[PDB]
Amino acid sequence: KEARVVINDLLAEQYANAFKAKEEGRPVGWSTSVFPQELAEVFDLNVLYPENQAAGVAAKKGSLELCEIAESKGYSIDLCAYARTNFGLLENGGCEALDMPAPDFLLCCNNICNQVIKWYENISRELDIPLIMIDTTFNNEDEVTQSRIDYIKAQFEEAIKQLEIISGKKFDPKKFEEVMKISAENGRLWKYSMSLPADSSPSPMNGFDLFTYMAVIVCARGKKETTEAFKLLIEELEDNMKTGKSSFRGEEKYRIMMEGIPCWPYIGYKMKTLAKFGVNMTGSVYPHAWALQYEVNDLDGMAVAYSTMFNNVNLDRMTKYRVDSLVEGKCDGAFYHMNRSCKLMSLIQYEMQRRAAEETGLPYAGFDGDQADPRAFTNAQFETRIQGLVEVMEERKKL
């Protein structure tokens, strides 16, 4: 029994179950990537993720047609590619490469960014469906103010009341407790498994594999199946560590940290290119993204967990996440993606990359692109930029 097989089947099972629920008349929701999923899980609700569906379509090379559709409707190419791709899916009534049913309700959380707010207002107006908002106001202070905590917990309550109406069920305190435990564990397996690269040398996996497994921790964070899935994976990764093996082809001459989401429409090309150069990512900020840890039945802690996701904390803390991931990963350099779609991540990258480089003493480089719009990435450019970094690392390497 292989981890990848179970993972892919578990992922594909989320979609099927969603279509089934749709068929039987049970509500299906669409949710942002770091929403408090525990709130809908306790109700056994089927929840799909627009960001995941869009990355999947982009990988399958079919996000262009959808962005062009959204664009013909008046949506500016300036807007995040995930939203354009999703608007095209809605207007087109789905797609062929990776289809999913329309939502009956939405779950939105701006801890990752504020664009999903507008994006979701549109879907709600478009389909005339309930929109549950968990607003985690940006943390300018090093710590989450008590005001933010009370406010978030209060919204957790509003969400629950809304979901009782939507699901037609009553909140079960006992079930909500088990999901908390389940969610807490999967959060732990995610941070642990995806952190192994920081050791080994060679790393037990190719940094990019993280983004494949990233799908499970995103759509099924409160399910027992995920727990077993990550357990099988771990066992395989450790088996590799102990045998000096890995999914990363060839020798691992260089260890780096890539900042940002990879360009899904060119994930294949990006994999090959880095491999031929002996470059592998063993430093990542993502093992923290879905860690989301809190004590069982501790709404204050849960609130803090979701508000502290790295996209919602001051520049200083954002910078520390990188510096830390570089060091712990024993990285030789930093590779930055200037993502045309993600303004939140792109508009603080300059200052952030300056600070991390001046603290870690490691060299860096960057490239232009987009996670779902194939028009923003240029292959020829990616190659010369990573090669440029390689020259520097190899240069400082041999004294």
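Start at 1 and count along the sequence shown; that's the residue number.
- Comparing 151-159 with 188-196, the stretch with the higher mean C-alpha B-factor in the PDB entry is 188-196.
- The mean Cα B-factor in the deposited entry runs higher for 164-172 than for the other of 80-88 and 164-172.
- Remark: of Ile129, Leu232, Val313, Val218, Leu232 shows the highest value [criterion: C-alpha B-factor in the PDB entry].
- Of the candidates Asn240, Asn114, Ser124, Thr137, the one whose C-alpha carries the top B factor in the deposited record is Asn240.
- In this PDB entry, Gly74 carries a Cα temperature factor that places it within the lowest third of its chain's modelled residues.
- In the deposited entry, the Cα temperature factor of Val57 sits in the bottom third of values across the chain's modelled residues.
- The deposited CA B-factor of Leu362 belongs to the middle third of values across its chain.
- For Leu389, the recorded CA temperature factor ranks within the middle third of the chain's modelled residues.
- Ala356: CA B factor lies in the middle third for its chain, per the PDB record.
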